[PDB]
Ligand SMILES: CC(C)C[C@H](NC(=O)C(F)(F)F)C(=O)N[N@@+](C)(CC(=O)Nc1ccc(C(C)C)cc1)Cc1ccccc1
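The chain below stands alone and is given as structure tokens, in the form solved without this ligand.
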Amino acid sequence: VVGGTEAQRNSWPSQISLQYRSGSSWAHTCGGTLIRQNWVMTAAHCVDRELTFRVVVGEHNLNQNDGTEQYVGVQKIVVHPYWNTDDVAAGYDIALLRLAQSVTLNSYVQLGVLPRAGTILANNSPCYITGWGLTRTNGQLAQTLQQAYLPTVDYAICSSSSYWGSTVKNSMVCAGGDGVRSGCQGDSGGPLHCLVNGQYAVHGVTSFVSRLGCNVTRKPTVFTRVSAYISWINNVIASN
């Protein structure tokens, strides 16, 4: 997250760190949202690699002992069947991870609330992106969980020529684009929390940013629209 601030450690309890085994240790690679005690929602591209992934809930500082972490392996990965790694612009950048065990819920570990199917936010709706992604384009991952205020940019505006053009689909949510704040590498798969009717809900799964940079003006961060996959999510969880 570029232009973010450090999140309080109990503000976004559904946020998780998706990590892969890199030798005698683990490296953070993407974010995710805990949606069931044993299911995590993330981006399909985060798991394109044939790596050994694990999920950390109750995580706040990737480099220090927060004393609230729970480490659990990924037992099964279910990527959306229409996902195509060489075509992120087509959408379908979402996947569900079944954890090897159910995590214990507390003030640092809670299920993320998803929006009602079909919900579309009005332009400029209040949201916060969270994650440990790069704090600057071509920078380094954050140590502490970061959050940045990224208001939505509706489809009509986001798909206009000065923005993303036809790259963005109605199955996506765009947020930010002020050239100062944005998601960045390492934030993918994480949540886009939007305040609706007094409650925050995870409306997006971080998918991509411009190839020219993270915080590029008129190139808002793009997320997979969660409300367009409610049935898919339910069907997968009901199956596995």
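Residue positions are given as counts along the sequence shown, with the first one as 1.
The form solved in complex with this ligand exists for this protein as well; it is not shown, and the discussion that follows is about that form.
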Heavy atom within 4.5 Å of this ligand in the bound PDB entry, from candidates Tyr108, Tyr128, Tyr92, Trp164, belongs to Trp164
Just one of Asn123, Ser159, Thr144, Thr137 has a heavy atom within 4.5 Å of this ligand in the bound PDB entry. Which one? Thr137
Does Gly179 make contact with this ligand in the bound PDB entry, using a 4.5 Å heavy atom cut-off? no
Is there a non-hydrogen atom of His193 within 4.5 angstroms of a non-hydrogen atom of this ligand in the bound PDB entry? no
Since only the chain is shown here, I'm wondering whether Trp39 would be in contact with this ligand in the bound PDB entry (any heavy atom pair within 4.5 Å). no
Tell me, yes or no, whether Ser207 is in contact with this ligand in the bound PDB entry, where a contact means a heavy atom of each within 4.5 Å. yes
Specify the contacting stretch among 74 to 82, 164 to 172, 147 to 155, 99 to 107, defined as having any heavy atom within 4.5 Å of this ligand in the bound PDB entry. 164 to 172
